[PDB]
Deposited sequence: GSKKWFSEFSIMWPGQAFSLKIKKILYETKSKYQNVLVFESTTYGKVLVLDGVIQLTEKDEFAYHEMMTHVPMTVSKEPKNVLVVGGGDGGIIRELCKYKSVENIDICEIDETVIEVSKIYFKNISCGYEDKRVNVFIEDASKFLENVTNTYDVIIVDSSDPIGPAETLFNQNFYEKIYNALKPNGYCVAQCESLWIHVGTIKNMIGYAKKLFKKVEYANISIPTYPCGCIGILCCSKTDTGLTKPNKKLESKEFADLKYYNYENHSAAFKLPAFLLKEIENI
């Protein structure tokens, strides 16, 4: 059996590897290289430009935290935007909320969506929900053009000052944005940059950490943006209905705990 190994200028000097049971699909799309393989121990793996996008084993950690943090804080979210997220993990978690009326997703690469529908049925299942509307376009263009405003925007992608202005303007007065935001173990300067962009517009910017083995350094953060001084560290609801019985990572207590950061990280961000 061969091994898949992920290298990157973004995390030099380190690599993470998974053993391949079977290579399932490869293509060069208009945007990126796409690889799908069954691993021996982490289930199926989505790889984009040589970077692990997701594995069946741990994906719920990231998709649950990213979704349920803002959605338990938003009081009655009706309209939600996912930026990126072609795999449909976030959408799957969004559909659990009966109150939601519409879910727009803007993914630039339709190949990601179709590969997820074929190879990752338990991740992409939300696409069948009638509330879900797909836009195949650059989120930068989407956000300049959208007429609606959203209760929550979830940026599920690996970002500059103009981008956060567009997110701010696309949100309701009391709207929230959460965005994927680096590992505290390797890119503190980036986290500081991102926090600085966000603070230009948002009155409350907070950072949370998710434990997930197949992201570099075994963790990834959520940059949390609020228009009210109250923020996203405390949920306003418990997830008690039958739709949430299946949750594997997220709970009421973990929500708040994820904002309790290592001392080195608080020191770095304190003067921003």
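No alpha-carbon coordinates exist for the deposited sequence positions 1-2, 161-169, given here in order along the chain.
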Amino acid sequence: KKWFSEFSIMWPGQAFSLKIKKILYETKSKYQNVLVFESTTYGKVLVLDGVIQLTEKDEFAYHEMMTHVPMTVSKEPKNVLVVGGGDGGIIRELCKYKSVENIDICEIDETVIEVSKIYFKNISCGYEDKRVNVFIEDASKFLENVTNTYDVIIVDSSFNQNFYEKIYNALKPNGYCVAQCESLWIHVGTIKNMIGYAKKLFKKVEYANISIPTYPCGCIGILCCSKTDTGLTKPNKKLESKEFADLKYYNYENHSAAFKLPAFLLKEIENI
From here on, numbers count along this sequence of modelled residues.
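Higher mean CA B-factor, judged across 143-151 and 191-199 from the recorded values: 191-199.
Mean CA temperature factor is higher for 238-246 when stretches 57-65 and 238-246 are set side by side in the entry. In the PDB entry, the Cα temperature factor peaks, among 180, 79, 162, 111, at 162. Among all modelled residues in its chain, residue 128 ranks in the highest third by Cα B-factor. In the deposited entry, the Cα temperature factor of residue 221 sits in the bottom third of values across the chain's modelled residues.
Per the PDB record, residue ranking by Cα B-factor puts residue 39 in the middle third of the chain. Annotation for residue 98: C-alpha temperature factor in the highest third relative to the rest of the modelled chain, per the entry.
Sorting the modelled residues of the chain by their CA temperature factor places residue 13 in the middle third.
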